[PDB]
Amino acid sequence: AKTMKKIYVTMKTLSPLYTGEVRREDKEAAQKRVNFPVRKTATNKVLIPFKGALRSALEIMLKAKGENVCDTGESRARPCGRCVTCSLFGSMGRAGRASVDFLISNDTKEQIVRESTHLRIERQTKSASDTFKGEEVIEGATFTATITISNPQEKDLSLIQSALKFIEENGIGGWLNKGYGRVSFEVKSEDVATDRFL
Amino acid sequence: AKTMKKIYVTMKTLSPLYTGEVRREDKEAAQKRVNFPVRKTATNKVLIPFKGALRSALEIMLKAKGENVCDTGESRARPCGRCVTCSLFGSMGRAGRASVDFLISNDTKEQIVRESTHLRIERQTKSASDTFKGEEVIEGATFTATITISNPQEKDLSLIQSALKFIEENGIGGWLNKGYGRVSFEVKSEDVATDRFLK
Amino acid sequence: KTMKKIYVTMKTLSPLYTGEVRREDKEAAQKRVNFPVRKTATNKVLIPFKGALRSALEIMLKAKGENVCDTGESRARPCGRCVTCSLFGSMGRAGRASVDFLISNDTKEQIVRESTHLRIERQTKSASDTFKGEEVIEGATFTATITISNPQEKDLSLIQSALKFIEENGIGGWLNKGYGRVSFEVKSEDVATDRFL
Amino acid sequence: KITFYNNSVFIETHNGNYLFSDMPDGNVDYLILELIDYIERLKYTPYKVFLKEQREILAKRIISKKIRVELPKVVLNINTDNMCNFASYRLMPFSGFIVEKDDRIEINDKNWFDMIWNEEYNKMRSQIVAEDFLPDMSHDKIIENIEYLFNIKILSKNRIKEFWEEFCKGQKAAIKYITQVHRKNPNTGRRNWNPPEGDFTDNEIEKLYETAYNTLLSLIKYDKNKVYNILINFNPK
Amino acid sequence: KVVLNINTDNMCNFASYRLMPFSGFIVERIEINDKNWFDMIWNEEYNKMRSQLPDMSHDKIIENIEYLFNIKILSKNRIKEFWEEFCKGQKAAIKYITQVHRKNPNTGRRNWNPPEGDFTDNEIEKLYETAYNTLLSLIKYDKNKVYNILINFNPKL
Amino acid sequence: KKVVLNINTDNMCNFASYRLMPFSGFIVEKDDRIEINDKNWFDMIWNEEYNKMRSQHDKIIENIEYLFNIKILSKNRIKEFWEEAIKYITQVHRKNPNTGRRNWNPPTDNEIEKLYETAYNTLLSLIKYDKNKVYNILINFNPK
Amino acid sequence: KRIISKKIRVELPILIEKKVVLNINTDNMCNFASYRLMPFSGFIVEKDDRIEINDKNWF
RNA sequence: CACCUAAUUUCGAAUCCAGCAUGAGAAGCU
Ligand SMILES: [Zn+2]
Ligand SMILES: [Zn+2]
Ligand SMILES: [Zn+2]
């Protein structure tokens, strides 16, 4: 309780990045022009959900290693509260130790977001049957996040870094099967006490 | 589950490669110089769509073989979810187990990207009735992609390699009729663990 | 389904010239030659092949009396119904016959030379102009593969007729000066589309 | 490392060697101030000195001594080059725009504002449309047609949702929506409909699109209560 | 005080209120005024710091753009590109329409899309001149009127 | 007509001695009183017009013991049943035809569908039983 | 030895920050398209180590 | 065996499309 873990995450994109707009008003404003808008702030910066990707990475890796780890991916699945990712990310009673921030971009939508054209081509006549416009975040665009772990353990940072390299291996955001969302993460950790402000 | 397949493909270009630029602002910046810009990253490297080419190759061959494969090429066609390519590349209720990366060049722009001139000639007169300028990728340029098959099966690597040979036969992207995009592939695959990062 | 493979092997009878098209490969070569031959980056000679087949077939099918679109006129639109529209593509469909580039079997140091052509005054018979051009030597072998996706009974015949019209007229540039007369050999076969499985 | 001399602070950091003004023996990268002799007696001539108006005249001497002299959110330029040289000052006659973000302040030209004004114009125009806020069939026939196009997934829950939103905006907006959706494309040959599921040919597919058009046209003439009771059975939200 | 300095036309009737979407400048005797003020003020001060049309009827405009759209002289790429140069001003639109209409002296090929049909040479050049005069006279109109004219032909302007 | 700004003038810039402000508000004619109001205004009246268009027995107890023991017939279910009920119970059992997602709680798959059916049966029967009997039945299971 | 005698540092194989100074009253700012822009009238003065932006009163 | 030349001109545009579909729930502490 006397110390906290600060993990500053700087992530760059090696592949174009897409995550989908969630706000209905913003999304219905955007389909007058684009079919798949990128989730952004009201300050025009790109936002990616980050706790779900790290949690899913830890669940797949920890299930495949062999630890007794619950699965919260299934429909209305309940976290057990006994595994290490229940302690690290959240349980049904106990809150999560890692307060994982969102991936806030450094640049705004005019610099990193670019609307593009995706297709759907007939296999016999080789003609573009369908066509739709989708925004994407460019490659080399950098994003910042902060993971604050209260009541830290010795192995929390190794788990977070392993989840980050798994996100490098698979991808973050949407359209991951088509090649989107491949990223590279830089980690700056540090021990703090909670009374720096005091 | 416990393991996942890693398929690193290294593809070299044998006849010039065009894949069109998708970004509307990058297009509108480049149409003052080149009428057909090549697909490019912001880090000045060439992007090629890869998942659709492998998927279309597998649907074409598995339809010609007679296997139960849906087509996802017709207009707003939806995948059934019971095919063999529906497992590899996804359906409406399930994602694809084979996450297929974009083909990214090992070199950069202004080293493999070359802007060229194309023609349209009168048949009765033999004069250049039209002219345009298109941006190509040179022959011998090397592109690197990775295919991550999450739940591996016995026939996944053979299907991926067969689709790769069909992409060698047809071309990968762009003006494939004229002879563009004829490539060749080198495959290196390994069954990695899912928990390799958990040190 | 089936696919039609026409492997064409081209032997060059007179000199050949297809000009370079890349801007960075011409403007870096104007200090050495005036007409560089069209090349790969692997130092092999490239010839556009689909347009020669299409131009051949449109000339002979237009003069035979069948309805074919003329894609030779500027900003022309293919009709989508004619034979060359089905074979080489149209606006709304694609070409069944994907025609590869004519890749040379040799490099440029073997089958490309650098010639000196002139222009001579008529009254006084003096060399008024001089220019230099890269030409492909005679007997250079080129190879290409025509892949027809949905084959019919009359695609190979039309491809062979277009090839014979190409040997009669010429391929590439400088056709009226005698450049580009060629000889073609065809190896046709009918593969299955599921053959790679 | 901070040494002393005759009042001199000599704070050494990892970046630079400051000297706040006997003289030291090491490199004095920044010096802060007969003194010329105090400059000339000091080894490794300083990079940039940090120097009431006599200062400026002194700075001219420091300018003549071949020594740089300074007289006491990150900002980026997205500008041009142009340039000029007037009164020993390299200039640029430019008027523009100061854009304030969370970490950066950038200087953009009028072209970027024209980009932003085009986007804001295209945003405003697609808000107010026309007069926001017919065939005929029987009610039961409307039921079995909507059930049949629901089973074959021509009329889907999303199409019913946008139909209800365009019906709440009025009659003419919904008429515009169905004439846009059933618009056969002359250069493409497709309409904005979900294709039906099942082994069908082109004639019955075109006929089913026509009955979808006629069913959604005849449902518009009914009141809002009947349309709501017709579409809750298929789209509960 | 308020001086609106804009045309109060293009007034649609959302709900029971005759609204009219607008984007302009409030300038202080407060005076709301449009983008033409910002063009005038920008040219004025940008040059002060540098110191060291045909008129054809609206119905005929709509009918001629419809006719040239059916025969594919005016297309969705042309109506979008001309709209982009119209947003850039009334002087970039003149340059773009002149560049498209011009006959290159060596080739003789105008940059218009050729008509679809069986039109002869003089009819083709007459329709090219009709496209030139129609898109030239369309510039003389304001941005909102130009938008309502071309929004029917290209729904994604 | 007299024209009134509803827009906020308390954000301005000074260019060429002109106190200017880029704005994107809508001009409204209103019965010889014109106004120029913001985007929020149109958001509010679009909402107002949308809302105006929107103005139009032992075995049973043992089954509840089993179902609440594996928490498919949980506390909020017992509450919302009390809050109710035939249309509710129809709306919380109907399988989605696209995903097969019944709105119950997770507890083999055949046993899961039998348990789901068991719930629908028990829920429907308890509504058959009169009030108070069920009310008392339901209190020691979820006291609220 | 002879440039050390010229009192200049010699290597035998510090931070300089070229900063952009605004020098403009940015308190008068407006919001148009979720952008805090200000219409600007000045001069890009390019002296050494400092590309200061200077207004018209500086001119 | 020499010697001169190795340049120059036109075009570098046009078009189609930008749609669908799915899911809006449930738990514990309280
Ligand atoms: Zn758990
Ligand atoms: Zn399928
Ligand atoms: Zn044709």
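Residue numbers (the numbering used here), protein chains in the order written: chain A, 861 to 1058; chain B, 16 to 214; chain C, 571 to 767; chain D, 12 to 248; chain E, 60 to 216; chain F, 1377 to 1520; chain G, 11 to 69. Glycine residues also receive a C-beta, built at the ideal position from the N, C-alpha and C atoms.
**Asked** Should A/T945 be counted as a contact of ligand 1 given a C-beta to heavy atom distance under 7 Å?
**Response** Within the cutoff, so yes.
**Asked** What are the complete alpha helix (DSSP H) segments, minimum 4 residues, inside the stretch 89-119 of chain E?
**Response** Here the runs fully enclosed are 94-107.
**Item:** E/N207 versus D/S229 - alpha carbon distance
**Value:** The alpha-carbon atoms of E/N207 and D/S229 are separated by roughly 29 Å.
**Message:** What does the Cβ neighbour count give for E/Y155, buried or exposed, with the cut at 16 atoms within 10 Å?
**Reply:** E/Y155 is buried by the Cβ-count criterion.
**Prompt:** For the 8 Å Cβ check, are there 3 or more pairs between the stretch 27-44 of chain B and the stretch 55-65 of chain B?
**Reply:** The stretch 27-44 of chain B is in contact with the stretch 55-65 of chain B.
**Message:** Can you give me the C-alpha to C-alpha distance between C/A599 and B/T146, rounded to a whole angstrom?
**Reply:** CA-CA distance, C/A599 to B/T146, rounds to 22 Å.
**Asked** Under 8 Å between C-beta atoms, does A/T903 make it to chain D?
**Response** When Cβ-Cβ separations below 8 Å define contact, A/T903 makes contact with chain D.
**Message:** Give me the chain E residues within the contact set of D/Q182, using Cβ-Cβ distance strictly less than 7 Å, ordered along the chain.
**Reply:** Neighbours of D/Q182 on chain E: none; closest Cβ ~14 Å, over 7 Å.
**Message:** Short of 6 Å in beta carbon distance, which residues of its chain neighbour B/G188, apart from the five on each side in sequence? Order them along the chain.
**Reply:** Contacts found: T34, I63 and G196.
**Item:** Local conformation of B/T87 per DSSP, three classes
**Value:** Three-state DSSP puts B/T87 in coil, outside helix and strand.
**Asked** Under 8 Å, do C/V706 and C/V669 count as touching if we go by C-beta distance?
**Response** Not a contact, by the Cβ cut-off of 8 Å.
**Asked** Under 7 Å from any heavy atom of ligand 1, does the C-beta of A/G941 make it?
**Response** Flag set: Cβ of A/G941 near ligand 1.
**Asked** What in chain C is Cβ-close to A/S987, meaning under 8 Å?
**Response** Listed along chain C, the residues sitting closer than 8 Å to A/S987 by beta-carbon distance are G662, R663 and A664.
**Message:** Counting only Cβ pairs nearer than 7 Å, list the residues of chain D close to F/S1400.
**Reply:** Residues of chain D passing the Cβ test: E131 and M135.
**Item:** For B/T58 and A/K872, the rounded distance between their alpha carbons
**Value:** Taking C-alpha positions only, A/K872 is separated from B/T58 by approximately 11 Å.
**Request:** Assign E/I138 to one of two classes, buried (16 or more other C-beta atoms within 10 Å of its C-beta) or exposed (fewer than that).
**Result:** With a threshold of 16 other beta carbon atoms within 10 Å, E/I138 meets it and is buried.
**Item:** Ranges of the beta strand (DSSP E) found wholly within the stretch 47-99 of chain D, counting only runs of at least 3
**Value:** Listed in chain order, the complete beta strand (DSSP E) runs (minimum 3 residues) inside the stretch 47-99 of chain D are 59-61, 79-81 and 85-88.
**Asked** Any idea what DSSP makes of F/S1400, helix, strand or coil?
**Response** Reduced to three states, the DSSP call for F/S1400 is coil.
**Message:** Would you say A/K892 lies against chain D (beta-carbon separation less than 8 Å)?
**Reply:** It does: the Cβ of A/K892 has a partner Cβ on chain D nearer than 8 Å.
**Prompt:** alpha helix (DSSP H) containing A/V1052: first to last residue?
**Reply:** No alpha helix (DSSP H) contains A/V1052, which is instead part of the beta strand (DSSP E) from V1043 to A1053.
**Message:** Just checking: is the beta-carbon of B/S90 within a distance shorter than 8 Å of some beta-carbon in chain D?
**Reply:** By this cut-off, B/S90 is an interface position.
**Request:** May I ask you to report which of helix, strand or coil DSSP gives A/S1018?
**Result:** For A/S1018, the secondary structure class from DSSP, reduced to helix, strand or coil, is helix.
**Asked** In this structure, what does DSSP give as the bridge partners for A/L979?
**Response** A/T991, per the DSSP bridge assignment.
**Message:** Contact between the stretch 1023-1030 of chain A and the stretch 973-983 of chain A is defined here as three or more beta-carbon pairs at a separation below 8 Å; is this criterion met?
**Reply:** In short, these stretches do not touch, since the Cβ pair count stays below three.
**Asked** At a CB-CB cut-off below 9 Å, which residues of chain F make contact with G/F42?
**Response** Simply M1397, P1398, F1399 and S1400.
**Prompt:** Nearest chain A C-beta to B/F147 closer than 8 Å, yes or no?
**Reply:** With a threshold of 8 Å between beta carbons, B/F147 makes no contact with chain A.
**Message:** Any heavy atom of ligand 2 inside 7 Å of the beta-carbon of B/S106?
**Reply:** Yes, the beta carbon of B/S106 sits closer than 7 Å to at least one heavy atom of ligand 2.
**Prompt:** Quick one: Cα of A/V898 to Cα of F/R1478, how far?
**Reply:** Each residue's alpha carbon lies about 31 Å from the other.
**Request:** Provide the residue span of the beta strand (DSSP E) that contains C/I716, from first to last.
**Result:** Per DSSP, the continuous beta strand (DSSP E) segment holding C/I716 begins and ends at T711 to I718.
**Message:** Contact criterion: CB-CB distance below 8 Å. Does F/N1486 meet it with respect to chain A?
**Reply:** Judged by the 8 Å Cβ criterion, F/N1486 is not in contact with chain A.
**Request:** Name the two residues that bound the continuous alpha helix (DSSP H) containing E/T193.
**Result:** Start and end: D180 to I198.
**Request:** Please go through the stretch 112-174 of chain E and give each complete alpha helix (DSSP H) segment of 4 or more residues, from N-terminal end onward.
**Result:** For the stretch 112-174 of chain E, whole alpha helix (DSSP H) runs of length 4 or above, ordered along the chain, are 117-129, 135-146 and 151-160.
**Nearest-angstrom Cα separation, counted from D/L145 out to D/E158** = Rounded to the nearest angstrom, the two C-alpha atoms are 21 Å apart.
**Prompt:** When DSSP labels each residue in this structure, what does C/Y749 get in the three-state scheme?
**Reply:** C/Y749: coil per DSSP, three-state reduction.
**Item:** At least 3 beta-carbon pairs within less than 8 Å: the stretch 50-62 of chain G vs the stretch 103-110 of chain D
**Value:** These segments touch.
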